[PDB]
6 protein chains.
Amino acid sequence: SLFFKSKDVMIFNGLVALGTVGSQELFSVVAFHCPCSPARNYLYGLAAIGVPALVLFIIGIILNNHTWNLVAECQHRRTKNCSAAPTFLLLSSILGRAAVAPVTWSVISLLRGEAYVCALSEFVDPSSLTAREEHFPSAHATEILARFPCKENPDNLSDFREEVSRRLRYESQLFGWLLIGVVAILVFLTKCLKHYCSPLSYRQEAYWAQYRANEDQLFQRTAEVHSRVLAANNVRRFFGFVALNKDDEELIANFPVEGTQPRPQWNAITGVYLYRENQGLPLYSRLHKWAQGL
Amino acid sequence: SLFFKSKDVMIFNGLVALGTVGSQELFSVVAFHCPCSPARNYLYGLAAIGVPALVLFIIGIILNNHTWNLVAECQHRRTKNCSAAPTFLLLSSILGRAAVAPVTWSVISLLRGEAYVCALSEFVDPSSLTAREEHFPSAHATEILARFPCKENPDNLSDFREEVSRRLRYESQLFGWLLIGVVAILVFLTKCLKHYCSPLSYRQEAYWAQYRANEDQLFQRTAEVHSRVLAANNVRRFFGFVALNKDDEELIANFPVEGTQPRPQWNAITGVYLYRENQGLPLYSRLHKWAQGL
Amino acid sequence: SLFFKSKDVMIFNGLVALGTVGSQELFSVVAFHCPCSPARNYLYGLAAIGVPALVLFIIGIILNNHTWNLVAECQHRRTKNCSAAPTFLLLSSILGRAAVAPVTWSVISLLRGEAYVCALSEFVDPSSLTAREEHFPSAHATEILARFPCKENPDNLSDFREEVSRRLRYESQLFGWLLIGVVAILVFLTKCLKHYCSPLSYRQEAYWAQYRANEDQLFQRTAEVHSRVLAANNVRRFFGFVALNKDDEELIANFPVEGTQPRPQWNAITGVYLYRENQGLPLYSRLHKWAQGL
Amino acid sequence: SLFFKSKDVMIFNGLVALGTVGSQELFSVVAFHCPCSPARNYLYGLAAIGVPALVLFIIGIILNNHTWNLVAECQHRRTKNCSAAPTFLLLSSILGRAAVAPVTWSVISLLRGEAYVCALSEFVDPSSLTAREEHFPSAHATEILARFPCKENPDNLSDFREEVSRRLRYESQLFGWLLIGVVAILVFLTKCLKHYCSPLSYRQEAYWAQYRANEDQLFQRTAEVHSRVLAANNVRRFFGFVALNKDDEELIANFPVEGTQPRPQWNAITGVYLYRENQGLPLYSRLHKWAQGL
Amino acid sequence: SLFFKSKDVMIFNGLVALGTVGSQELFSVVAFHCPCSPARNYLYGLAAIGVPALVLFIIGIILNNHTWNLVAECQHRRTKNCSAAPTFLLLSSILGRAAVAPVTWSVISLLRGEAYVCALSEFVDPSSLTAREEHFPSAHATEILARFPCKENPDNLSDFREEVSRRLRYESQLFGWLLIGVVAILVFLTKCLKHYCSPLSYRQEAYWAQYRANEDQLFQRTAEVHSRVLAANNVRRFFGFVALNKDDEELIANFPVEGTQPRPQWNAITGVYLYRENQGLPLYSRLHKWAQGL
Amino acid sequence: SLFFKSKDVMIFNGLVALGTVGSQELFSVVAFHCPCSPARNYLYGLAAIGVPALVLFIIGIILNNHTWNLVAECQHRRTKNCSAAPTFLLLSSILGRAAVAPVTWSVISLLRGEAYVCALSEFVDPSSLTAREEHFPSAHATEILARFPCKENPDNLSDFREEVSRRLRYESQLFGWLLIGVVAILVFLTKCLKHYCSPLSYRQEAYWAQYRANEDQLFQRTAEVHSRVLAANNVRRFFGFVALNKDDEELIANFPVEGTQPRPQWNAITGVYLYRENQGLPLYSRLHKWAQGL
């Protein structure tokens, strides 16, 4: 019922309430708990921020199929068929669509500010503090500094703690805003240099994107159907018949197989594609190049 | 279910409640937290206001397709085919539809007033304050001035703090109203000079806008359909058949392809368009000029 | 779902509640905050009232298409074809339908009274105050006068502050009522002089208004349809076919184009119209005059 | 959805609640705030009552089409074709249907009483007060009298203030009841003198009223339809076709136009009508007289 | 939606709640506020009771069509065609159906009692009071008597005030019950003398009442329809066609007009009717007498 | 919607709540308020009880049609055609069906008891009181007795007041129970003497009652229909046609009239009926006797 409720929603008030309960339970298990101790809390900030960043970056590399297209190119093409510049352009596209989510996580965590007050409480220079009389034993300076983000200052130092909290939350949100700013201008310049340094136009690149979406969707659908009819042929060879549904019996009726496709042909349609043109007409994928090659 | 709920709404009370909860969570992560410290809070006001301004400005440049039409003109036209004046008119249209949203953000943030009291608390001249007895150490003047927007004044200076808060909130809302005023008269004069300095009439310009909307919509639809039938041809060449839906089988029935269109033809229909006329009859796009050119 | 919910409403209790929440958020960002300071609060009253007045006036000029009809007349007619008196009558109609909304805003803001107590607290003569013993340092007269609308008077002067608040709120609501009175009699005399100084009758002017509404609606509809069929012709010339809907395929079936209409013909049907008569029969628009001219 | 909800109501509890909220907001902006000051509060009572009276009177003159019939008679008839007595009878009918609403407003405001206590607090003779010991400085008599309706009397004078409030609220409600009484007997005598001094009977006058309603409704409907078919003819002459709806295509099918009607004919059917009879048979409008005149 | 909701009710709990809110607002503006002052409160009781009585009496005379039948008889019959006795019987019927509502208002106001305690507090003889020790300055007797209905007696005179309130509320409710009693026996004797002094029977008078209801309803319906077809004839003579609905096109199909009916014929069917008989058969209206007269 | 909601009820909880609110408002205006004063409260009890009794008795005489049958018999029969004994039997039937409702009102008011304690507080002998020490000034005896039902006794006499309240409420409820007892045995003996002294049987009297109900219902229905077709004939003679509904057009189709029925025939079927028999067969009404008489 996952695709059913995600496509056609049962009651969205109760759905948002159950999502709030699950978000309460999951955000409780990932809630930031600062170790109010020196040399220990920047390590926790680095772990609890950069590790979900690295996880989301890894996930973005995994789910991108251009990763496996490039790894298949270097795997079976195996002779630098695509050179260092198409490999660099493909890697840039992959790393960008990957680094969407860790940048968004690190920006939200910087605008939250909590990891940065926790990570830099101990590095705050005690002489630079204001709004009270300076009360800092130089032996226990870094420890009572690092104990600030848990609100565990003495009440004699609550004004000092509010000053350090506001200053480091400022530096956190400033780093977060300058990060989302440079990420926005980076996104802008990558789009501009992509449109400027593409050989084909932008309307043809939109047609190419529509082709690649249609071809991957049609290929997954007919690969599922072709594999189902091949499985039905083998199963019928075993038992003498196949228990098919009505739709599956329609599939066996419409689309017959004598056999599947050879491995070099599957290798020919796989890999990274770099926009060839056969006799002036464009080819938009390796499957398209292979189909025109016959 | 995004397009489904956005086109046909499930219960709008619960929808507005879940939108209020998401707005609470997202506006909590972007809430203005003033660093009550000198030389530090105008930098935060500038970041937390001008960076969402720059982000929305960048987004407005990105989503405008006239940006990519102009970049395609300077890319493949490559010889100043459209001169500096059509480039200037196109750039003015792009920068205007971009700067809709940062101007609206900066106006809302100026009418909020919080960024401006935060950014200019430290610049308030202490001798210009009234409604109390003047209590300002000239050594600690700027710091206790800059600590005002957090309501962290001493209670001996609460009247002073209310005076500075009202004065700088006045200057904020005055800047916001004069900004929305000059933006309104700027919008008015750009529309008047566009209508005065267009060669064609305003009813024909409305017809041209309707043509451009119809042509981009029809072109995206038939580019998706043409790419789908080309993908089905390549997929059928691979497997021997295509798993099509009923609508997709209707698309393969109606619209056949022998091949796609060459890259110079895609280049011919792309770029910025400057209203030519072929033999007295008007042409309204590069696609229209190309179709009449055959 | 904007036109759908605006034409057929989902639950109006929740709709009015979400409208109250949005009105709370938007009226919070435009709420009148008086700068209780001399020489500063009438500037804020003038800005926060006359700037939404000027914005609504500009918007009323923009959305009125008679503005662009007059600008097209002076643009391409370019020789005072319509003289100073038809230009004056058209400008009067435009400025009236524009100044509906700033007059309504300034009347609501005057009947609210808050901008006027804020703007004229400092100009109240201190000797003219009653209902208490006169307590005004002549050095700090204007400042403690201007601090009245924030309810920031001393408690020794609360009776004085209530007296000035009631007097200036009186002058505000009196100005608002005399404004809506002179606007009502102005509306009455403009309607009477329009009906007295029109050459044609009032039933024929009602027929003319119905014609202009029907002609603009029919012209926008068939301009959208004609542009869609022209776009489909160009798109079919590009790809070989068009992905049309069923309704769009009906439109291509019914209404063919060979070509669009020339620019002087579009110029002929555009501009301001001043009720000509061809051979005794009336013509009600430039499109009607152009169609009879063939 | 205005005509849809006004003709077929969505939930009337929520509708009455949203009407109560809008009535709270609009009646808050027009709420009577008495300036408790002499020579100032009768001016406010006169403004805040007689100005909505004058506005509703102006609106009643505007929306009455007999106003424009009479102005068209004096405009193009231009020689006193209808004499001073039909002009006086028509003006009496117009001013009566206009003065329905200001009389109802002034009666509701007099029965409210608040404008009258506010307007006449200062004119109350201080020696005529009872129910307490007379405590009135003759220098500050009128001011402390005029400050009564805000309940701003001293507590030594609360009995005096209740006495003046009850006496002037009596005179207010007495004026309101005598006003609605003389308006009722005025309505009665106007109806009686209309029925006594009409030349035709009252059943024929009811038939005449039904004719005028049917003729104005049928004329507006067929003027909209005739203007729509004329607009479609001009639009088809421009583009080559018209994008009509199904109902509009039925209208072009049923009702053709060759041309519209001349301006003297439109003048002939417009104006005030005074019940002629052609050869003993009655004529009930200028359109009826014109149609029989052919 | 007035006739729709009045004929088929939307939710009657919310309808009764909105009626209670409107009754709260309208009964607040007409609530009895006694002027606790001598020579002033009986004038207010007389106004606030006898003026809604006179208004409802006037309204009952207006809405009764026998009023206009009698005024048409004395208008165009103009020679005492119906004598003083049929005029007296018709006037008695009119004044009775008129005086239904003021009698009901004055009875409800007398049983409320508030107008009578207010109107006669000052006339209560102070020596006739009991249940306390007599405490009345003979100078201030009438004023402290007249101040009783506002509960503004001294607490030394609260027993006196309760005694006068109960005595005058007794005389109020006694007057109200004797009024509704004599009105009931008046209604009974008018019905008995009507049935005794009618020339025709009571079953025939019930048939006559059913005829008059059917004839007025059928006459209003066919007068509306006949006026609509005459209006359509004149409108078609103007434009060339009429925009009719489907029902209206059925009306033009079924019922044609060549012309309307002359004014003496309309005079013949109008007026008061006094039961003639033509050749032994009864005639039940002037329309029936006119139709038999042909 | 009165007959619609009374025949098919909208929600009966809200209906009973609105009936409770209307009963609160109407029973508040008729609530018993005892004048606690001697020689004054029995007059109020007599008015407030016997006047609704007399009103309901008058209403029961009015709505009974046998009243008008008897008045028509003495009117046009005019010679004692029905003698003193049928007149006495008819009058007994009329006065009984009339006096259903005043007896029920006076019984409910006697069982309420409030009118009787109020009416007889002053007549209670002061020496007959018990349960306390006798405290009655013989000068102020009757007044302090009559002030008992308002609970306005002194607290020294609260036991005396409870004793008189219980004794007179006893005499009230005893009078009410003996009244409903003698009314029940009166109803029983009237039914027994009616069945014993009727000439015809009780099954035939039940058939006669069913005949009279069917004949009055059928006569009212066909009198309405016959009057409607006569009205349509006269209306068609006026205008040339009648605007009939579909049901009314069916009525004109089915039932034609040439003329109505003469006045002596209407007199023949009206009056009181005393069970004649024509040639041994029974006649059950004057209409039946008249129809057999032809």
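By Swiss-Prot numbering, chain C shows 13-306, in order.
This deposition comes from electron microscopy, 2.7 Å.
Yeah, the Cβs are placed from backbone N, Cα and C, and that goes for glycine too.
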Original post:
What range among C:89-96, C:145-152, C:177-184, C:257-264 does Swiss-Prot record as region 'Hemichannel docking'?
Top reply: C:145-152
Original post:
Is it the same side of the membrane for C:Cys48 and C:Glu134, going by what Swiss-Prot records?
Top reply: yes
Subject >> Member of C:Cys162, C:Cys204, C:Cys209 annotated by Swiss-Prot as disulfide partner of C:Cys48 >> reply: C:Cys162
**OP:** Consult Swiss-Prot and report which candidate among C:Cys86, C:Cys130 shares a disulfide bond with C:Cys46.
**Re:** C:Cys130
Original post:
Within the topological domain 'Cytoplasmic' (C:77-101), how many residues are helix, strand or coil going by DSSP?
Top reply: 19 helix, 0 strand, 6 coil
Original post:
For C:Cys162 (disulfide bond), which residues in the same chain are close in space, meaning a Cβ under 8 Å from its Cβ, but six or more apart along the sequence?
Top reply: C:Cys46, C:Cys48
Original post:
For C:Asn168 (site 'Not N-glycosylated') and C:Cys130 (disulfide bond), what Cα-Cα distance in Å is obtained after rounding to a whole number?
Top reply: 21
**OP:** Mind checking which of C:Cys46, C:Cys48, C:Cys130 has the fewest other CB atoms within 10 A of its CB? They're the disulfide-bonded residues.
**Re:** C:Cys46
Original post:
Residues of the same chain, at least six outside the region 'Intersubunit interaction' (C:214-251), with any C-beta under 8 angstroms of its C-beta?
Top reply: 77, 207, 260, 263-264, 267-269, 272, 287, 294, 296-297, 299-300
Subject >> Outside the topological domain 'Extracellular' (C:44-52), six or more residues from its ends: residues with CB under 8 Å to it >> reply: 60, 124, 126-127, 129-130, 133-134, 154-155, 157-162, 164
Original post:
10 Å Cβ neighbour count around C:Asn168 (site 'Not N-glycosylated')?
Top reply: 10
Subject >> Close approaches to the topological domain 'Cytoplasmic' (C:77-101) from elsewhere in its chain (Cβ under 8 angstroms; 6 or more beyond its ends) >> reply: 109, 228, 279, 282-286
Subject >> Structural state of C:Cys48 (disulfide bond), classified by DSSP into three states >> reply: coil
Subject >> Among C:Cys48, C:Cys130, C:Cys162, C:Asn168 (the recorded positions), residues with Cβ under 8 Å to chain B, listed in sequence order >> reply: C:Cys48, C:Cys162
**OP:** Go ahead and report the DSSP secondary structure tallies for the topological domain 'Extracellular' (C:133-179): helix first, then strand, then coil.
**Re:** 25 helix, 0 strand, 22 coil
Original post:
How do the residues of the region 'Intersubunit interaction' (C:214-251) split into helix, strand and coil according to DSSP?
Top reply: 38 helix, 0 strand, 0 coil
Original post:
Taking DSSP three-state, what's C:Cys130 (disulfide bond) in: helix, strand or coil?
Top reply: helix
